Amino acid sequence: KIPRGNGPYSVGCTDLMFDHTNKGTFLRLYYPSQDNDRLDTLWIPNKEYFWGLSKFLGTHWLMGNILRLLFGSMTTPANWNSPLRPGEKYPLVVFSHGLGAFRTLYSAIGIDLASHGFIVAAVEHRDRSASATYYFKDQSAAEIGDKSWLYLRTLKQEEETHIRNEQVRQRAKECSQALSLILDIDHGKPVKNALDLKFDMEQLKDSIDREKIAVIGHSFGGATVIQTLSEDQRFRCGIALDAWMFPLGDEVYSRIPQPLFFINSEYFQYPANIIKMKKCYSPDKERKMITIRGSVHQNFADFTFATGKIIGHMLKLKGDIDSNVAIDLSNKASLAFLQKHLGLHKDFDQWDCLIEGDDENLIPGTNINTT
């Protein structure tokens, strides 16, 4: 089970694609919902995502069919296409997935943020860092639902520096474009969802607290946080979840004026990666960093909830720490940081102590020795 969210709000989920092309925006939306009696949301909604996942894991596509047998009917606890809870403007998180991931795999985070009164746009990237993604070749294909699939690109070592940087730059543009789409929907622009879904986008009119925007992301998505902040001042702060810093260009490090929070796992991090995070530091800039004791890279994504404890540890999906305990720490510390730097009038300051790593299961800063 993916956990249900700790906040007072019920949670809805839908998908938005606009336009229908490989250059349009594709996102999964999590939002405070009016109702709590809908079907739960299908977690991995297409067989081709399983084919993509099997390629990312270095197996034959036929392992994809076995993963689909084991996991293809798994749901996540969000009310599919539930009406948006009316009467309040909601702050906005744009969420960026990791390498080999896609938009639906960070529902534990997306659901928890939404249960606290956030709208969450989990983008699906078309830079070929997703395990799989889809789009429509033209208007005809979109009408009849003829999906074109785009699979993970594997790189030779000589391509790494250049291609990861091209990708992080496209990822930032995709975050900015997703922001402009949501803001235009908030400002009443008619948008026809390229997906035929029973959630009217007109509900979102006048529903965004338009100055309260953050970008959050895991791993490749953590580097996406930083590139996005340096390029788009509409984002007011960022939270990098176990950032993979390698994609970033040398130019970005001195160019991040917004508050930035690094939330790390204990076992993922390494000196080259920590050195790049420290390069973001400057006396005039707000920076915070914590490490979750006993945690692994996968504690930030939904695979940590997908299996039992023993299989979980073996597959490196779980750490020594309990998965619910770890994600509560990451989500609560995130809520307190967002309250501080977005100026929210909520009770998230009860977790201010966590921003400073003051908890038995937190390390302030990093366990990683550099120099």
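Position 1 is the first residue in the sequence shown; the rest follow in order. Think of the rigid core as the biggest set of C-alphas that the two forms share within 1.5 Å after superposition.
Here 136-144 and 187-195 are scored by the root mean square distance of their C-alpha atoms in 9 other deposited structures of this protein, with each structure fitted by the rigid core; the higher score goes to 136-144. In a rigid core superposition of the other structures in 9 other deposited structures of this protein, 51-59 and 38-46 differ in how far their CA atoms stray, and the farther one is 38-46.
Note on 299-307 vs 58-66: mean CA B-factor is higher in 58-66. Look at the mean CA B-factor for 195-203 and for 71-79 in the entry; the higher one is 195-203.
Of the candidates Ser107, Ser129, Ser230, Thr161, it is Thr161 whose Cα B-factor is highest according to the PDB record.
Set against one another, the Cα B-factors of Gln177, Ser140, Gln167, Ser96 in the record reach their highest point at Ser140. Remark: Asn324 belongs to the middle third of its chain, ranked by C-alpha B-factor as recorded. In this PDB entry, the Cα temperature factor of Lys47 sits in the middle third of its chain's modelled residues. Sort the modelled residues of the chain by CA B factor and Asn361 lands in the highest third.
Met314 sits in the highest third of its chain by CA B factor, as recorded in the PDB entry. Annotation for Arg236: C-alpha temperature factor in the middle third relative to the rest of the modelled chain, per the entry.
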